[PDB]
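Quick notes on the structure that follows.
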Amino acid sequence: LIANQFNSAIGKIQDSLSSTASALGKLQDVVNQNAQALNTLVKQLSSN
Amino acid sequence: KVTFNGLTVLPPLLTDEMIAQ
Amino acid sequence: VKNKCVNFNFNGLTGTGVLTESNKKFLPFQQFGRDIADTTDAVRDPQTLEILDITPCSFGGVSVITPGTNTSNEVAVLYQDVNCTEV
Ligand SMILES: *[C@@H]1O[C@H](CO)[C@@H](O)[C@H](O)[C@H]1NC(C)=O
Ligand SMILES: *[C@@H]1O[C@H](CO)[C@@H](O)[C@H](O)[C@H]1NC(C)=O
Ligand SMILES: *[C@@H]1O[C@H](CO)[C@@H](O)[C@H](O)[C@H]1NC(C)=O
């Protein structure tokens, strides 16, 4: 029983990960923030 | 699930496969 | 001159880069494009009505690998993120 519960438990992780892209919000935020940082940094070159 | 003005990007010392080991 | 680092001056739009043939479709009244950084991205040759991309010349950081002068004076140089054909 404990075996089956753990195996099935593993499986649900796939679906939650496979379906919900927002399950990985934290890492995506890190990239996005940095991407925002650089883009702002780039854009200032246009300022007078 | 995750995605010329002097600005570069250095590569990480460990590689993605390196991490996997 | 194409495909080579040149100092270019088109109608007073000066700069340094590699001039390549482009696939951009300028409108008949647009002399030159831009990037998000307000740097020139493409120009129209005033004598030959064609569109040229401008790519900044290859560059990269320089990092020295030294075993330690206490051991050797022989060094190895790392040209970051540059193809070996341009060194
Ligand atoms: C300007 O004259 C040159 C020859 O000196 C010619 O090749 C070029 O086509 C001319 N530009 C035009 C017709 O727009
Ligand atoms: C390294 O430096 C020490 C002095 O701090 C010196 O005694 C030693 O000989 C040096 N190593 C070599 C290989 O020369
Ligand atoms: C480096 O140059 C060679 C030609 O010698 C080319 O085949 C290769 O794709 C180039 N690599 C990059 C990353 O531009």
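Please note that chains go A, B, ... in the order of the structure tokens, that every chain numbers its residues from 1, and that ligands are numbered from 1 in the order shown.
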Practice prompt. Please identify the residues whose atoms come within 8 Å of ligand 1, using only C-alpha atoms and all ligand atoms, and report them as a list in words.
Written response: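 Listing the residues within 8 Å of ligand 1 gives residues 46, 47, 48 and 49 of chain C.
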Find the residues of chain A that sit at most 12 Å from chain B; for each, write down the nearest two atoms and how far apart they are in Å, to one decimal. Count only C-alpha atoms. Sort by chain, then by number going up, and give it as a tab-separated table.
```
residue	atom	partner	partner_atom	distance
A:16	CA	B:1	CA	11.8
A:17	CA	B:1	CA	8.4
A:18	CA	B:1	CA	8.3
A:19	CA	B:1	CA	9.7
A:20	CA	B:1	CA	9.0
A:21	CA	B:1	CA	5.9
A:22	CA	B:1	CA	8.7
A:23	CA	B:1	CA	9.1
A:24	CA	B:1	CA	7.3
A:25	CA	B:2	CA	8.9
A:26	CA	B:2	CA	10.2
A:27	CA	B:2	CA	7.5
A:28	CA	B:2	CA	6.1
A:29	CA	B:2	CA	9.8
A:30	CA	B:2	CA	10.5
A:31	CA	B:3	CA	8.0
A:32	CA	B:3	CA	9.2
A:34	CA	B:9	CA	11.8
A:35	CA	B:3	CA	10.9
A:38	CA	B:7	CA	8.6
A:39	CA	B:7	CA	10.8
A:41	CA	B:7	CA	9.8
A:42	CA	B:5	CA	7.9
A:43	CA	B:5	CA	11.0
A:44	CA	B:5	CA	11.8
A:45	CA	B:5	CA	9.5
```
Worksheet item: If you measure from atom CA of residue C:42 to atom CA of residue C:54, what distance in Å do you get, rounded to one decimal?
Response: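 Value for the atom CA of residue C:42-atom CA of residue C:54 distance: 5.6 Å.
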Practice prompt. Throw together the list of residues within 9 Å of ligand 3, counting only C-alpha atoms and all ligand atoms, and drop it here as an NGL selection string.
Written response: :C and (81-86)
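Set the cut-off at 10 Å, count only C-alpha atoms, and the residues of chain C near chain B turn out to be residues 37, 39, 55, 56, 57, 58, 59, 60, 61, 80 and 81 of chain C.
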Take the residues just selected and output them with N, CA, C and O atoms as a PDB file, in the first residue's frame.
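File again-v5.pdb, as written:
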```pdb
ATOM      1  N   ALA C  37      17.407  50.217 -28.667  1.00  0.00           N
ATOM      2  CA  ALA C  37      18.369  51.046 -27.958  1.00  0.00           C
ATOM      3  C   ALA C  37      18.676  52.353 -28.668  1.00  0.00           C
ATOM      4  O   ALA C  37      19.678  52.991 -28.338  1.00  0.00           O
ATOM      5  N   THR C  39      20.058  52.784 -31.265  1.00  0.00           N
ATOM      6  CA  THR C  39      21.192  52.617 -32.155  1.00  0.00           C
ATOM      7  C   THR C  39      20.705  52.250 -33.550  1.00  0.00           C
ATOM      8  O   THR C  39      19.683  51.583 -33.723  1.00  0.00           O
ATOM      9  N   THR C  55      25.864  45.171 -38.209  1.00  0.00           N
ATOM     10  CA  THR C  55      26.166  44.330 -37.060  1.00  0.00           C
ATOM     11  C   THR C  55      27.426  44.847 -36.388  1.00  0.00           C
ATOM     12  O   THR C  55      28.460  44.986 -37.058  1.00  0.00           O
ATOM     13  N   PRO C  56      27.393  45.160 -35.096  1.00  0.00           N
ATOM     14  CA  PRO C  56      28.605  45.631 -34.421  1.00  0.00           C
ATOM     15  C   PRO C  56      29.703  44.581 -34.473  1.00  0.00           C
ATOM     16  O   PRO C  56      29.439  43.376 -34.448  1.00  0.00           O
ATOM     17  N   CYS C  57      30.943  45.055 -34.550  1.00  0.00           N
ATOM     18  CA  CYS C  57      32.081  44.163 -34.720  1.00  0.00           C
ATOM     19  C   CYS C  57      32.253  43.250 -33.517  1.00  0.00           C
ATOM     20  O   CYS C  57      31.945  43.623 -32.379  1.00  0.00           O
ATOM     21  N   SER C  58      32.763  42.051 -33.779  1.00  0.00           N
ATOM     22  CA  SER C  58      32.918  41.060 -32.729  1.00  0.00           C
ATOM     23  C   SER C  58      33.809  41.599 -31.622  1.00  0.00           C
ATOM     24  O   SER C  58      34.814  42.268 -31.875  1.00  0.00           O
ATOM     25  N   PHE C  59      33.426  41.309 -30.385  1.00  0.00           N
ATOM     26  CA  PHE C  59      34.199  41.714 -29.226  1.00  0.00           C
ATOM     27  C   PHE C  59      33.905  40.737 -28.102  1.00  0.00           C
ATOM     28  O   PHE C  59      32.988  39.918 -28.190  1.00  0.00           O
ATOM     29  N   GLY C  60      34.698  40.827 -27.046  1.00  0.00           N
ATOM     30  CA  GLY C  60      34.514  39.946 -25.910  1.00  0.00           C
ATOM     31  C   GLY C  60      35.517  40.277 -24.832  1.00  0.00           C
ATOM     32  O   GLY C  60      36.529  40.942 -25.070  1.00  0.00           O
ATOM     33  N   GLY C  61      35.214  39.800 -23.634  1.00  0.00           N
ATOM     34  CA  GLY C  61      36.126  39.979 -22.531  1.00  0.00           C
ATOM     35  C   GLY C  61      37.402  39.184 -22.715  1.00  0.00           C
ATOM     36  O   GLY C  61      37.469  38.227 -23.486  1.00  0.00           O
ATOM     37  N   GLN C  80      36.376  35.402 -24.333  1.00  0.00           N
ATOM     38  CA  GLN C  80      35.029  34.964 -23.995  1.00  0.00           C
ATOM     39  C   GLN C  80      34.086  35.114 -25.179  1.00  0.00           C
ATOM     40  O   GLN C  80      34.052  36.161 -25.829  1.00  0.00           O
ATOM     41  N   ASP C  81      33.314  34.062 -25.447  1.00  0.00           N
ATOM     42  CA  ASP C  81      32.148  34.139 -26.326  1.00  0.00           C
ATOM     43  C   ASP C  81      32.492  34.726 -27.691  1.00  0.00           C
ATOM     44  O   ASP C  81      31.733  35.512 -28.259  1.00  0.00           O
TER      45      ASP C  81
END
```
Discussion item. Using only C-alpha atoms and all ligand atoms, which residues of the polymer chains come no farther than 9 Å from ligand 2? I'd like the answer as a list in words.
Written reply: residues 68, 69, 70, 71 and 72 of chain C
Kindly assemble as CSV a list of the chain C residues that lie within 12 Å of chain A, each paired with its nearest atom pair and their distance in Å to one decimal, using only C-alpha atoms, sorted first by chain and then by ascending residue number.
```
residue,atom,partner,partner_atom,distance
C:34,CA,A:46,CA,10.7
C:35,CA,A:43,CA,9.8
C:36,CA,A:43,CA,6.6
C:37,CA,A:43,CA,5.3
C:38,CA,A:46,CA,5.2
C:39,CA,A:46,CA,8.2
C:40,CA,A:46,CA,11.4
```
Practice prompt. Check the DSSP output for the backbone and give back, as a PyMOL selection string, the residues of chain A in alpha helix (DSSP H).
Written response: chain A and resi 2-19+25-43
Fill in: Which of chain C fall in strand (DSSP E), as a ChimeraX atom specification
/C:5-10,13-21,42-44,51-55,62-65,76-79
Practice prompt. Take atom CA of residue C:9 and atom CA of residue C:30 and report the distance between them in Å, one decimal.
Written response: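 The value is 17.2 Å.
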Worksheet entry | Å distance separating atom CA of residue C:17 from atom CA of residue C:51, one decimal place |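 Taking atom CA of residue C:17 and atom CA of residue C:51, their separation equals 14.6 Å.
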